[PDB]
RNA sequence: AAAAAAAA
């Protein structure tokens, strides 16, 4: 009835299997890809017909993590999986970036690829198996697609590269990089790193690109027998005559406008050329259409900018390939916030703020590889006034979550260990103006806001957004690229890092033939510029300050005996409630003795510090104890001796095996010399009273 | 490179700092306004071109409270981030209402104002600072706007008015009137009051209007050096002939038709005339636009009704200036809910219901100013069938939150204090028909539903909406304006109060030249009309009565030794779940020594009291129990004996000495006779295995 | 002025009361239906003119459980 | 899975150690919520079979011996 | 000893 086709190949130490034809037979193609007990089901459905008047390729990628894949019922009140998480949206972006540029030019049919995680081995991460899955699904479908891609996560254990590291190994790794490539060239790189040197990162990318050849060979083998016939699609014929007709009229004039050098006079000059040339021949036979004309005019603009940059020295803004827009940097701009800074690159402004908190306010994010609690929170706001448009604010789009993640990778490598800084820290970066690359203006600002709040950060960090143009063998690397020159970049990349060593590299490639030395000079030029930005920031704030003091929560640490803390948590743990209500202060649950005191001022902290040492008087070695007799009855005398446990006297006696009598030395409330060197009965260390006799 | 313009003046005690040019340079204007460490960043972005479909003005105002202001991590579990709520939406409406009238007629270009709170001093409210901020931003851009508007919150303490009261001052105050006004006149008033006479409320509006003069003068001085050149905008030219042709064939045949008393009959006549004029236009329609002809027709209608109302006695429905619509009031209409009332004022009809609950079910509002718990909740539901239309129902719009808040101000003045009414109270109003002013029908309904459920309100309250029509030297004040008659009103206002004293007041003004001498008669006519509604309302329910017979929750507060209550909490709340569930009533966990036994009858209250007595009590003498070994302690034990708690036999304890070494009882199934013995301070109570009677 | 018209019949040992004319007069019809102290208010609004270009029949049914019907304030954070 | 075994109604005392201290270590080491039970019907709540069998093996090991205050051929393992 | 209801 139904027969599955299975191919099994060895990637690293994990057997990986592709299963096809078994499920979802009405979708254009579908594959279950399984790698060492983690499995994801990936399916592509592509429209057969072009929706008329579409001028942008509509590609949808959906990635979703069903909780039944871990064997757990969802925590939500509904007990059902909700809207896609931040983490899931980011994984979808990782699949989309290497796929979108690989479809042929002028392909505009609707395409949707859905990846569902269906089972998870906690040790094996589902994303690197999802990327192979999308590559398999697209290459098996008839859809016009320029060859399969692999994917490989490379780590850096003990100065060795280790392909596809398992989750525990990442604890002691200094690098986590995700290469995706075809057989000809790399297509994208994403990473976080504990300040590695440049050549170690480029070495990891050249390594990962070779280990992916196994997947490329294996998907090509599967498509030989189990693939659908490629449905024939031919790009719509270009009108050579129309392109020549519009060129004679505007090419020389548009070139002249770019030769004119200004922020806005070139703009106005281009507009008068565009408006007239569009008007001319607009009414001639009614052949001209707004879509037909606008596209050719923008295409001529892109041609004159590319050709001008590869040869003519001036860029659109007039700075040379190695120059960065002017800096202006300001600290403590907001009142009554824990720490704040404004970083301006001249047309990119990031107002960024760091707020501290007690451990209670840390996030507890539950996911398939296990619940974990993180103490560093990064949020990136891109409000619509920042690019001069009007739109609904509402909730963040994928790019805001993408940029918020990349900036977090940049700073995370320089944050202090929780043992020497116990507070949770949230950084919110609010973009106020955006014409450059605003994610890298966020990293610089975040390092200022953190060290202004007086977190002991390990070093200053800064970012640079860069582009490469390689129409011919000649290439030019461009530093601090404007947003308005995205189309000019044949590759573009971001190089967030420190005075020495790189923190987070991200790189998306759109052209064939980028060999390793063309990456090497491009991020050597990136090291140059990053150092210049770092130099200006050291003059604004050289080192971290002592503390925020703007109603900053204060935390204090002290080591107390495990027995004394158990009694402060005595009566079932009720004893701790008696303290927290009196001092407005939480005491934390390290029962092995590392007491944390946390409070909103420098008094209730000190009151709690006085109270913990005051209220517990349990010592088993002890000393002569001038405690006060409460009852001198048989079965041992009762004596007031203080905190912890008040010991009862050793059995039937006062001291010396009941040499004396209860009637002898009888009064209430009297000071007597107690000592606590006895047996541990009723769960109490017993005691005795050395009154001119001794046991 | 960058330096701000800075302008600081003194408003009342605080110092206001206006700061410009430093941030968001691509928005049409942006201003950082700071008042005693509370700071809000406010920006306006306005599209220069107009969309050629718009026949209304799209102005959008967003107010948002970043919780990084005042240094705290967001409570929301998901992503530690927030979305717009009631508290923010009401502040957006307070900025919106004064700005819309000032913008010139025919200005249809889209405009967006975004106001972000970036720091809060909890003594100074952010709302007043924002209204100055939006006024500065709009007046500083070139957007055509008629003058800056200052704002002013006016408190009232020991019969002295105080400007911008701090939170500490306000709590003691008897009014909280907001006023916003240009140099010529007031433009908006919003206020709650502890039942003050009309002359005290009018005194506040004039006083606040005069203190705002400093803000208006200062904003002009800033615009004199930092301001943009005003962008040219001309109202679209109006063709007198196009208006004249429709006017000639309408006004006479509409003046007679407005005379017809029946609403449906007149509606059918005017619609027929309208179609006939459209037919008369014939070739070329009206500039080839039916809409243009319709606009002229609506205008001719508005002019005839307005001119008629201020020259002649009859209104659209044949009523005079001082005739409130026919009143039909019916209490207790719903079964098995704690209190309900249907209030019908002519066509506007409101079904209102009151429900009581335990203090536990109060909501916790995490406002930027500080966390607070309110015990009184008002919810206003406006379903689309109330208008006779079809539409969605699910999510409340801005107006439902606006009206819900105004209705809450009406009743909040007359609620009993929690220290003689220990319940949370929720009022839900369902507007079942809405021709007229629905929100003030909701206040009456709420005042009947509350005093029907038996809450002892301080007096009955009621409300009315009113309109002023004003020309070159004369004006008419109309009572109970209908929805259709709002277009003729130049001023409209709503008043809610008891037999003596205004409780809430709201005014919006659309024209200059209204004055204290007009408002003096307008509120006196309101005192007349309100005092009639109170009499009809009084007949249905004269005074608050007893509590609901059965459905209402009743509270019992039995006193228990709180250490035993703490043990009944168990491992932080695990046994009490069963106890509340088996009773099926909301018995509380409060450990203060007052156990809340809340139940819907006396039987479940007594069952719960007996259930807590079973687990808390220990028999003081009992019998010679054959106690059986239940547990191990450290050299200790727990023995089952009479009452809810086990006793301990320490191994040595049968006669205060080891007369018979007691090792043999130290195992299960021995069950040897014991007798009750003393309770010690430690909590390990004394027990001994002795047949002899022990006390 | 205003008064309902009421019909009461016995269905399966529960008295059922049909009550009309008192509320939602603006909507095309409204009928408070009650069966032994469980009560639901039901209203229908229909457009008098058919929108040109419609082919299918757009019927929308909305059922709502207000929690004030059971005497309890809501469990939701926003109340 | 929830696992349950009978262990002798005296030697059960030795499973627990002095108070909660050894219970913390055993629950932390095995990743199981093993509770204190005087009856000896020790309940070892677990999230999978591996954690259950790991907890069964350690509770078997650390209380495997009958104290009758008798003679043992006890080998000195550490001075 | 492992201590009191809060579905953002």
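Chains as they are written, first to last, in the UniProt record's numbering: chain A, 1 to 695; chain B, 1 to 695; chain C, 1 to 79; chain D, 554 to 632.
Yeah, the Cβ is synthetic: ideal placement off N, Cα and C, and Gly gets one too.
query                                                                                                                       : result
Closer than 7 Å: residue 116 of chain B CB and nearest the ligand SAH heavy atom                                            : For the structure depicted, the ligand SAH is absent and the ligand set is empty, with no information on it obtainable.
Residue 423 of chain A - DSSP class collapsed to helix/strand/coil                                                          : coil
Residue 210 of chain A in three-state terms, based on DSSP                                                                  : helix
Distance, residue 253 of chain B Cα to residue 246 of chain B Cα                                                            : 12 Å
Residues near residue 418 of chain A in its chain [Cβ-Cβ closer than 8 Å; skip 5 each side]                                 : 375
Rounded separation between residue 135 of chain A and residue 150 of chain A - CA only                                      : 7 Å
Residues near residue 541 of chain B by beta carbon distance below 7 Å, same chain, minus five either side                  : 331, 448, 451, 452
Alpha carbon of residue 697 of chain A to alpha carbon of residue 625 of chain A, nearest angstrom                          : Residue 697 of chain A lies beyond the stretch modelled for chain A, which goes from 1 to 695, so this question has no answer here.
Bounding residues of the alpha helix (DSSP H) (the contiguous stretch that carries residue 137 of chain B)                  : 126 to 140
Secondary structure of residue 466 of chain A, DSSP reduced to three states                                                 : strand
Residue 234 of chain A versus A/203, A/569, A/50, residue with shortest Cα-Cα distance                                      : A/50
Exposure of residue 41 of chain A, with buried meaning 16 or more beta-carbon neighbours within 10 Å                        : buried
First and last residue of the uninterrupted alpha helix (DSSP H) at residue 452 of chain B                                  : 438 to 453
Amino acids of chain D, ordered along the chain, whose beta-carbon sits closer than 9 Å to that of residue 632 of chain B   : 565, 566, 569, 589, 591
Closer than 8 Å to chain B by CB, residue 77 of chain A                                                                     : no
Near-chain B residues of the segment 419 to 444 of chain A - C-beta to any C-beta below 7 Å                                 : 424, 426, 428, 432, 433
Assumed close pair residue 138 of chain A, residue 206 of chain A - CB separation to whole angstroms, cut-off 8 Å           : About 25 Å separates the two Cβ atoms, so there is no contact after all.
Backbone secondary structure at residue 561 of chain A - three-state DSSP                                                   : coil
Nearest-angstrom Cα separation, counted from residue 491 of chain B out to residue 511 of chain B                           : 7 Å
7 Å Cβ shell around residue 82 of chain A - same chain, five flanking residues per side excluded                            : 76
Chain B contact for residue 63 of chain A (CB, 8 Å cutoff)                                                                  : no
Residue environment, residue 571 of chain D, which counts as buried when at least 16 other CB atoms sit within 10 Å         : exposed
Where the beta strand (DSSP E) containing residue 14 of chain C begins and where it ends                                    : 14 to 20
Cα-Cα separation between residue 189 of chain B and residue 178 of chain B, rounded to whole angstroms                      : 6 Å
Identity of the residue in B/533, B/615, B/210, B/63 nearest residue 579 of chain B by Cα                                   : B/615
At least three beta-carbon pairs within less than 8 Å, the segment 82 to 96 of chain A to the segment 398 to 408 of chain A : yes
Cβ shell of residue 36 of chain A (< 7 Å), same chain only, five flanking positions each side left out                      : 14, 15, 121, 124
Segments assigned beta strand (DSSP E), at least 3 residues, entirely inside the segment 144 to 181 of chain B              : 150 to 157, 160 to 163, 177 to 181
Cα-Cα separation, residue 584 of chain D to residue 371 of chain A                                                          : 14 Å
Interface partners of residue 668 of chain B on chain D, CB under 7 Å                                                       : 562
C-beta contact flag for residue 562 of chain B and residue 601 of chain B at 8 Å                                            : no
Residue 201 of chain A in three-state terms, based on DSSP                                                                  : helix
Minimum C-alpha distance to residue 695 of chain B - residue among B/225, B/620, B/530                                      : B/620
Beta strand (DSSP E) segment containing residue 596 of chain B, residue limits                                              : 594 to 599
Buried/exposed call for residue 261 of chain B, threshold 16 Cβ in 10 Å                                                     : exposed
Identified DSSP bridge partners for residue 528 of chain B                                                                  : Residue 528 of chain B is not bridged to any residue.
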